[PDB]
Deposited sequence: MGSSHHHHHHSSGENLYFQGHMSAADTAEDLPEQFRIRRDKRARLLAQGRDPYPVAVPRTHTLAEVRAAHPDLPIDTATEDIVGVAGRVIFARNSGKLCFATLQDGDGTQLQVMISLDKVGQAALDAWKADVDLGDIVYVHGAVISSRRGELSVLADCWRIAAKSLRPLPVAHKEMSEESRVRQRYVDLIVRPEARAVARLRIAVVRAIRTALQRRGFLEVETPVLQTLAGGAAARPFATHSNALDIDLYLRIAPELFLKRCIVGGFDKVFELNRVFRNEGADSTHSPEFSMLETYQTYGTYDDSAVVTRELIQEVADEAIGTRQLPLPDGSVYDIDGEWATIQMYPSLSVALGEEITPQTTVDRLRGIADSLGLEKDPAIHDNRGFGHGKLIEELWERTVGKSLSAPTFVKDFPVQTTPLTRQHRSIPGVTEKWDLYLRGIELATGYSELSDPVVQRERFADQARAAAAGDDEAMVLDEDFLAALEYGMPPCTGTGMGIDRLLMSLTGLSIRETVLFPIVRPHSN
């Protein structure tokens, strides 16, 4: 905080001297990566006649009488050395360098590209591009200091830079994979008169303009389905959803992909989802043999096994479990395993996750879900009491879901009435039901969180994968 005071004094002194420590422009000719790419093998201790204008954050300084060295680091982490020499710039210029420049300062330098006894610019000219009032921390940054000051994390930790660029490359890879298949990206409302399309409690805000509460969307699904009714063949939306969470490690704001494809079933969207994930790994990561932080390697290449929920649970419990199995039977199994109340569907999913889910290692689709827990998904084409839903588990993590969508408006109203009754202490989404009543062609939806994808591919947590986590 004394170092704060001295940097603040240098700013005021620089101003007073008619020097400008926040100039509007410096004439930067090249990024440092550009200069590096244009001199891959310069014979050591040799000079060239490529004059450049570079700019960079001084991350290392090493002074003497007649010659000061610094490492400039460009924003991407590329480095170039500058040398401030009595012979080439003023004695005044050299003294100003020594008096004026601190670690963290952004500096412009103009000069000739050379190699040292290390690629360097021997300066004719330099100025401050931006005076840092706070010194950089060093081996001096806690996990939650990183998240409270991502801007400092990105300056000092190369891994923060690579994670930031990987998320961007992953999101781009997804847009590329879907646009190549003819998906159009749509923008549906964030503020809704009622938030539907998932199981979660909404955030409420007061509209001045309508003197009512509006709800931040929990999911785009009901609006994307209106797009299907409207004649979109292939649609997706990649954007924030909001779940007002209470005792939770799941973030209240997170980026979600949803896709809808007409004249396909959950079987089709299962294939597309595998291909999309494999294409994202190829584009953004460069391999399907994923390196993890424990030094392990997770293979997502080839075909992925599919299992059914009721059969795989039957095999794990050693008895036949079906959509007919009573709640009292299932409650007794749950008790025997040491586990708003008891529902057939909720018990099937809980016992499945507890017995089969925890065991899964290779990438696996589980399909054919209980009707009670899948209000928006079509009843199975041949199997009584299940719906056409899959969940994809990749490296143990619940990653993605796909459905053969319910288009029958009368079944859909019944399912919403069941839900409305069950949480009564009861208005339905009548506009959504109205859209289904105009006719929705058969279609398949998917959902996949971007942070879950990055975690499944890399082992990084939500606190590493989102630029600016809540705090």
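According to the record, the deposited residues with no C-alpha atom in the structure span 1-31, 149-150, 172-173, 282, 376-384, 471-475, 522-526.
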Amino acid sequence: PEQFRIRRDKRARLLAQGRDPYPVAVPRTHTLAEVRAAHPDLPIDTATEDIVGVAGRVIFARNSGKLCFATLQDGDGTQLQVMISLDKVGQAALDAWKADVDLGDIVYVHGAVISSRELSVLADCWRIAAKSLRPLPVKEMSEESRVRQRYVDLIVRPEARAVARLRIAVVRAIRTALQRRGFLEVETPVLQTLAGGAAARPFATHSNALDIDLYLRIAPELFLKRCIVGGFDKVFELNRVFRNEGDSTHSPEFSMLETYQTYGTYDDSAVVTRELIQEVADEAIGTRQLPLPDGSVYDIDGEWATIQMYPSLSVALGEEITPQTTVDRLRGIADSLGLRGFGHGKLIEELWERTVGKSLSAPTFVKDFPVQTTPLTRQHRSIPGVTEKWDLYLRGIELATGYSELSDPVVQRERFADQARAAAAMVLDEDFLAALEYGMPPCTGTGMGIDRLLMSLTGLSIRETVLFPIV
From here on, numbers count along this sequence of modelled residues.
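Whichever C-alpha set is largest while still superposing within 1.5 Å between the two forms counts as the rigid core.
In summary, of the stretches 247-255 and 168-176, 247-255 shows the greater Cα distance from the shown form in 6 other deposited structures of this protein, with structures fitted on the rigid core.
Take 153-161 and 88-96, fit the other structures onto the shown form by the rigid core, and average the C-alpha distances in 6 other deposited structures of this protein: the farther stretch is 88-96. In at least a third of the other PDB entries of this protein that model the residues around it, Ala424 has no coordinates. Coordinates for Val186 are present in every one of the other compared entries of this protein that model residues on both sides of it, well short of the third needed to count it as often missing. The stretch 249-257 shows the higher mean C-alpha B-factor when 249-257 is compared against 224-232 in the entry. Per-stretch averaging of Cα B factors for 161-169 and 101-109 places 101-109 on top.
Ranking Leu86, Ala177, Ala281, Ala334 by Cα temperature factor from the entry places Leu86 first.
Of all the options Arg274, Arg148, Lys389, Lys346, the entry's greatest CA B-factor is assigned to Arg148. In this PDB entry, the Cα temperature factor of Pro311 sits in the bottom third of its chain's modelled residues, the lowest group. Per-chain ranking of the deposited C-alpha B factor places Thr46 in the highest third. The entry lists a Cα temperature factor for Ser407 that places it in the middle third of the chain's modelled residues. Ranked against the other modelled residues of its chain, the C-alpha B-factor of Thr374 as given in the entry falls in the middle third. Residue-level temperature factors show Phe242 in the middle third of its chain, judged at the C-alpha atom.
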